[PDB]
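S.K.: Handing you this structure, nothing more for now.
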Amino acid sequence: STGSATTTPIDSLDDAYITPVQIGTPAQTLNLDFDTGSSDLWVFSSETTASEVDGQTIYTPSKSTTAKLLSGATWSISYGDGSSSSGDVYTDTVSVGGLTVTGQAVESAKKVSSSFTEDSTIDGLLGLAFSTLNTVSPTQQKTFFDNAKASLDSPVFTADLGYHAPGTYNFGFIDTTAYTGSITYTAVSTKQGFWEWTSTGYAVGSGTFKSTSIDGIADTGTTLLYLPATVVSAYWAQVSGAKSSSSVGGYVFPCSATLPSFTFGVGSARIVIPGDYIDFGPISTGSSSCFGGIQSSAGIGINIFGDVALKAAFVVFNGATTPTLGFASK
């Protein structure tokens, strides 16, 4: 089997991407944030504290003839940005782009933190990291991908995120028309539960490539590109007037700037992030200080190849016995 679904930016900045997901019988369609940096499929629901729901579409398990309470199971998750959610668990039928999994753990939110409530466009998350990170207790549950794998034509999914435009998540096949040149594959460590890999270096603008190993995670559920302070300083030093602002929480730059590109290495291959992808607009409405799309990972504890990086590429998440990651230009 295969599946193919369009993923759409939530706003004019590409802060996140949502993908329609069918849950239950009859189908209830929710728009979920596909997140290769976590491993829980959770939704706003009829159980979510009413004051914490503001415009989201909710899953109502009592209206699904295939929903079953997973007795005794609870979940609770905290994300890299400090947001959180928690609740109980149902199993139900879940379909993405025509690919159906029966018995999928659907984690129903009883509580969500403020940045979920305030994001009316995100109805929940669909985790695509390794199932070892799943938070369900006392019996850990499998991701949608893990459940689908055996049925897939090939045990892969691909992320093709757009720049200020829709893109595609495919399951079970590699669309050879969706990228240019060849796909370069690189080793993955699953030891921390993430799609963790090592970039071979970087360049700023038309500058020379610096060969240096940068361990990080491929994370569709994080907006920005978080890299070591040395790398980030080298990037922003090429933008007149750019500076790190403790008050704002990272590098800002004059909105009148033209940003240089940023290249990262995948083996001997190179992925180029155009300068415009690194512009996240005014820090507040009407400000001439703009927020940068490349930020320091210092104090995160890991480097993160978030959407800024991934949307410059066609990315293969290869879930074979020994997982790997592939990147192609597009």
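Within each chain, counting starts at residue 1; across the structure tokens, chains are named A, B, ... in the order shown, with ligands numbered 1 upward in that order.
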For stretch 27-37 of chain A, list every protein, DNA or RNA residue within 6 Å, evaluated using only C-alpha atoms, and leave out those in the same chain fewer than 3 positions away; present the list as an MDAnalysis selection string.
M.R.: chainID A and resid 17:24 122:129 219:221
S.K.: Might you pull out every residue within 12 Å of residue A:325, with only C-alpha atoms counted and same-chain residues fewer than 5 positions away left off, and present them as a PyMOL selection string?
M.R.: chain A and resi 36+156-159+183-190+194-199+217-219+266-267+310+313-320
S.K.: Generate the output file for the selected residues, N, CA and C atoms, as a CSV table (one decimal), in the first residue's frame.
M.R.:
chain,number,residue,atom,x,y,z
A,36,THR,N,8.3,14.8,12.8
A,36,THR,CA,9.4,13.7,12.9
A,36,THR,C,10.3,13.8,14.1
A,156,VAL,N,9.1,3.4,3.9
A,156,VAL,CA,9.6,4.7,3.8
A,156,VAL,C,8.5,5.7,3.9
A,157,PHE,N,8.8,6.9,4.3
A,157,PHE,CA,7.9,8.1,4.0
A,157,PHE,C,8.8,9.2,3.6
A,158,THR,N,8.2,10.2,2.9
A,158,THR,CA,9.0,11.3,2.4
A,158,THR,C,8.3,12.6,2.8
A,159,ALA,N,9.1,13.6,3.0
A,159,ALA,CA,8.7,15.0,3.3
A,159,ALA,C,9.1,15.9,2.3
A,183,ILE,N,19.3,11.3,-4.9
A,183,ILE,CA,19.1,11.3,-3.5
A,183,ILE,C,20.4,10.8,-2.8
A,184,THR,N,20.9,11.6,-1.9
A,184,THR,CA,22.1,11.1,-1.1
A,184,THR,C,21.6,10.7,0.2
A,185,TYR,N,22.0,9.4,0.5
A,185,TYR,CA,21.6,8.8,1.8
A,185,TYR,C,22.7,8.9,2.8
A,186,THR,N,22.3,9.0,4.1
A,186,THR,CA,23.3,9.2,5.2
A,186,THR,C,22.8,8.4,6.4
A,187,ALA,N,23.7,8.0,7.2
A,187,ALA,CA,23.4,7.2,8.4
A,187,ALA,C,22.6,7.9,9.4
A,188,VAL,N,21.8,7.1,10.1
A,188,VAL,CA,20.9,7.5,11.2
A,188,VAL,C,21.3,6.8,12.5
A,189,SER,N,21.3,7.5,13.6
A,189,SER,CA,21.3,6.9,14.9
A,189,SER,C,19.9,7.0,15.5
A,190,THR,N,19.4,5.9,16.0
A,190,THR,CA,18.1,5.9,16.6
A,190,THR,C,18.2,5.9,18.2
A,194,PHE,N,15.3,9.7,17.7
A,194,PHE,CA,15.1,10.7,16.7
A,194,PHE,C,15.7,10.2,15.4
A,195,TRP,N,15.4,10.9,14.3
A,195,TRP,CA,16.1,10.8,13.0
A,195,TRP,C,17.3,11.6,13.1
A,196,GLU,N,18.3,11.1,13.8
A,196,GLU,CA,19.5,11.8,14.1
A,196,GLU,C,20.6,11.4,13.1
A,197,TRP,N,21.3,12.4,12.5
A,197,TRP,CA,22.3,12.2,11.5
A,197,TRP,C,23.4,13.2,11.6
A,198,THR,N,24.4,13.1,10.8
A,198,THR,CA,25.6,14.0,10.9
A,198,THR,C,25.8,14.7,9.6
A,199,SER,N,25.5,16.0,9.5
A,199,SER,CA,25.9,16.8,8.4
A,199,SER,C,27.4,16.9,8.2
A,217,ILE,N,19.1,16.5,14.4
A,217,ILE,CA,17.9,15.7,14.0
A,217,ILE,C,17.1,16.4,12.9
A,218,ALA,N,16.6,15.5,12.0
A,218,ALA,CA,15.6,16.0,11.0
A,218,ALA,C,14.2,16.1,11.6
A,219,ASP,N,13.7,17.3,11.8
A,219,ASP,CA,12.5,17.5,12.6
A,219,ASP,C,11.5,18.4,11.9
A,266,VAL,N,25.3,16.9,3.0
A,266,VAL,CA,24.8,15.6,3.2
A,266,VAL,C,25.8,14.7,2.5
A,267,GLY,N,26.7,14.0,3.2
A,267,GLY,CA,27.8,13.3,2.5
A,267,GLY,C,28.5,14.3,1.7
A,310,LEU,N,14.7,21.6,6.0
A,310,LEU,CA,14.0,20.5,5.3
A,310,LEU,C,13.2,20.9,4.1
A,313,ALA,N,14.7,20.7,0.6
A,313,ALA,CA,15.0,19.4,0.1
A,313,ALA,C,13.8,18.5,-0.1
A,314,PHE,N,14.0,17.5,-0.8
A,314,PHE,CA,13.1,16.3,-0.8
A,314,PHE,C,13.8,15.3,0.2
A,315,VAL,N,13.1,14.9,1.2
A,315,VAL,CA,13.7,14.2,2.3
A,315,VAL,C,13.0,12.8,2.5
A,316,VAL,N,13.9,11.8,2.4
A,316,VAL,CA,13.4,10.4,2.6
A,316,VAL,C,13.8,9.9,4.0
A,317,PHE,N,12.7,9.5,4.7
A,317,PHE,CA,12.8,8.9,6.0
A,317,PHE,C,12.7,7.4,5.7
A,318,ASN,N,13.8,6.7,5.7
A,318,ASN,CA,13.9,5.3,5.4
A,318,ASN,C,13.9,4.5,6.6
A,319,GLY,N,12.7,3.8,6.8
A,319,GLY,CA,12.5,3.0,8.0
A,319,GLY,C,12.8,1.5,7.9
A,320,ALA,N,13.7,1.2,7.0
A,320,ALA,CA,14.2,-0.2,6.9
A,320,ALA,C,14.8,-0.6,8.2
S.K.: Can you tell me, as a list in words, which residues in stretch 34-233 of chain A count as alpha helix (DSSP H) by DSSP?
M.R.: residues 114, 115, 116, 117, 144, 145, 146, 147, 148, 229, 230, 231, 232 and 233 of chain A
S.K.: Name the residues of stretch 243-301 of chain A that fall into strand (DSSP E) according to DSSP on the backbone, using the chain letters and numbers of this document, as a list in words.
M.R.: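 Assigned to strand (DSSP E), within stretch 243-301 of chain A: residues 243, 244, 245, 250, 251, 252, 253, 254, 262, 263, 264, 265, 266, 269, 270, 271, 272, 273, 279, 280, 281, 282, 289, 290, 291, 292, 294, 295 and 296 of chain A.
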S.K.: Using only C-alpha atoms, which protein or nucleic acid residues come within 7 Å of stretch 232-243 of chain A? Drop anything in the same chain fewer than 5 positions from it, and give the result as a PyMOL selection string.
M.R.: chain A and resi 204+227+251-254+259+294-296
S.K.: Just N, CA, C and O atoms for this one: save the residues we selected as a PDB file, in the first residue's frame.
M.R.:
ATOM      1  N   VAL A 204      28.231  29.709   3.925  1.00  0.00           N
ATOM      2  CA  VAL A 204      27.399  30.898   4.020  1.00  0.00           C
ATOM      3  C   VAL A 204      27.479  31.636   2.696  1.00  0.00           C
ATOM      4  O   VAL A 204      28.565  32.027   2.251  1.00  0.00           O
ATOM      5  N   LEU A 227      21.575  25.477  15.059  1.00  0.00           N
ATOM      6  CA  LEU A 227      22.918  24.965  14.819  1.00  0.00           C
ATOM      7  C   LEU A 227      23.897  25.522  15.863  1.00  0.00           C
ATOM      8  O   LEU A 227      23.551  26.420  16.624  1.00  0.00           O
ATOM      9  N   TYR A 251      18.710  35.776  17.191  1.00  0.00           N
ATOM     10  CA  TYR A 251      19.192  36.689  16.179  1.00  0.00           C
ATOM     11  C   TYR A 251      18.046  37.367  15.460  1.00  0.00           C
ATOM     12  O   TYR A 251      17.083  36.716  15.005  1.00  0.00           O
ATOM     13  N   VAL A 252      18.185  38.686  15.357  1.00  0.00           N
ATOM     14  CA  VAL A 252      17.308  39.544  14.586  1.00  0.00           C
ATOM     15  C   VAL A 252      18.156  40.281  13.571  1.00  0.00           C
ATOM     16  O   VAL A 252      19.372  40.386  13.714  1.00  0.00           O
ATOM     17  N   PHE A 253      17.506  40.796  12.545  1.00  0.00           N
ATOM     18  CA  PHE A 253      18.217  41.483  11.478  1.00  0.00           C
ATOM     19  C   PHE A 253      17.318  42.567  10.906  1.00  0.00           C
ATOM     20  O   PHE A 253      16.096  42.503  11.043  1.00  0.00           O
ATOM     21  N   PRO A 254      17.917  43.583  10.265  1.00  0.00           N
ATOM     22  CA  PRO A 254      17.082  44.640   9.703  1.00  0.00           C
ATOM     23  C   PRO A 254      16.184  44.093   8.626  1.00  0.00           C
ATOM     24  O   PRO A 254      16.652  43.397   7.723  1.00  0.00           O
ATOM     25  N   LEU A 259      19.124  38.556   2.613  1.00  0.00           N
ATOM     26  CA  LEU A 259      19.831  37.516   3.337  1.00  0.00           C
ATOM     27  C   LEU A 259      20.612  36.606   2.400  1.00  0.00           C
ATOM     28  O   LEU A 259      20.146  36.262   1.318  1.00  0.00           O
ATOM     29  N   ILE A 294      17.742  30.999  11.203  1.00  0.00           N
ATOM     30  CA  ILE A 294      18.874  30.224  11.693  1.00  0.00           C
ATOM     31  C   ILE A 294      19.199  30.774  13.075  1.00  0.00           C
ATOM     32  O   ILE A 294      19.435  31.974  13.234  1.00  0.00           O
ATOM     33  N   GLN A 295      19.199  29.890  14.073  1.00  0.00           N
ATOM     34  CA  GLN A 295      19.356  30.292  15.463  1.00  0.00           C
ATOM     35  C   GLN A 295      20.298  29.312  16.145  1.00  0.00           C
ATOM     36  O   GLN A 295      20.525  28.189  15.665  1.00  0.00           O
ATOM     37  N   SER A 296      20.857  29.728  17.270  1.00  0.00           N
ATOM     38  CA  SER A 296      21.773  28.898  18.015  1.00  0.00           C
ATOM     39  C   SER A 296      21.054  27.768  18.731  1.00  0.00           C
ATOM     40  O   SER A 296      20.000  27.955  19.339  1.00  0.00           O
TER      41      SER A 296
END
S.K.: Enter the distance from atom CA of residue A:289 to atom CA of residue A:249, in Å, rounded to one decimal.
M.R.: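 Interatomic distance here is 12.7 Å.
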S.K.: Could you name the residues that touch residue A:201 at 10 Å or less, counting only C-alpha atoms, but leaving out those on the same chain fewer than 4 positions away, as a PyMOL selection string?
M.R.: chain A and resi 209-214+231+263-268+270
S.K.: May I have the selected residues written with N, CA, C and O atoms, as a compact mmCIF listing (two decimals), in the first residue's frame?
M.R.:
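again_11.txt written:
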# COMPACT_ATOMS: atom_id res chain seq x y z
N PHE A 209 33.04 26.16 1.48
CA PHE A 209 32.42 25.15 2.32
C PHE A 209 33.38 24.76 3.43
O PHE A 209 34.56 24.48 3.17
N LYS A 210 32.88 24.78 4.66
CA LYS A 210 33.60 24.32 5.85
C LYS A 210 33.22 22.89 6.14
O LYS A 210 32.07 22.59 6.47
N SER A 211 34.20 21.99 6.03
CA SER A 211 34.00 20.59 6.35
C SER A 211 34.07 20.42 7.86
O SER A 211 35.12 20.63 8.46
N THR A 212 32.95 20.04 8.47
CA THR A 212 32.87 19.87 9.91
C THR A 212 31.63 19.03 10.21
O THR A 212 30.59 19.21 9.58
N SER A 213 31.73 18.11 11.16
CA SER A 213 30.62 17.21 11.48
C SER A 213 29.62 17.91 12.39
O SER A 213 29.99 18.41 13.45
N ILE A 214 28.35 17.94 11.98
CA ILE A 214 27.29 18.54 12.78
C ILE A 214 26.20 17.51 12.99
O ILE A 214 25.41 17.23 12.09
N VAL A 231 28.66 28.34 14.06
CA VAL A 231 28.07 28.32 12.71
C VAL A 231 27.10 29.49 12.55
O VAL A 231 27.11 30.20 11.54
N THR A 263 24.20 26.80 2.99
CA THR A 263 24.35 25.45 2.46
C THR A 263 24.72 24.49 3.56
O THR A 263 25.59 24.80 4.38
N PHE A 264 24.08 23.32 3.59
CA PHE A 264 24.53 22.26 4.48
C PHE A 264 24.89 21.00 3.69
O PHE A 264 24.35 20.73 2.61
N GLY A 265 25.84 20.24 4.22
CA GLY A 265 26.31 19.04 3.55
C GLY A 265 25.58 17.80 3.98
O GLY A 265 25.24 17.60 5.15
N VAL A 266 25.35 16.94 3.00
CA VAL A 266 24.82 15.59 3.21
C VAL A 266 25.81 14.70 2.47
O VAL A 266 25.80 14.64 1.24
N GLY A 267 26.70 14.04 3.19
CA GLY A 267 27.78 13.34 2.54
C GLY A 267 28.52 14.33 1.65
O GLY A 267 28.83 15.45 2.07
N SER A 268 28.81 13.93 0.43
CA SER A 268 29.47 14.81 -0.53
C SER A 268 28.49 15.76 -1.24
O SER A 268 28.90 16.59 -2.03
N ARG A 270 25.22 18.67 -1.37
CA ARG A 270 25.00 19.97 -0.76
C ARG A 270 23.55 20.36 -0.97
O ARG A 270 23.03 20.23 -2.07
S.K.: Between A:164, A:60, A:145, A:42, which has the minimum distance to residue A:107 (counting only C-alpha atoms)?
M.R.: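 Between A:164, A:60, A:145, A:42, the residue approaching residue A:107 most closely is A:42.
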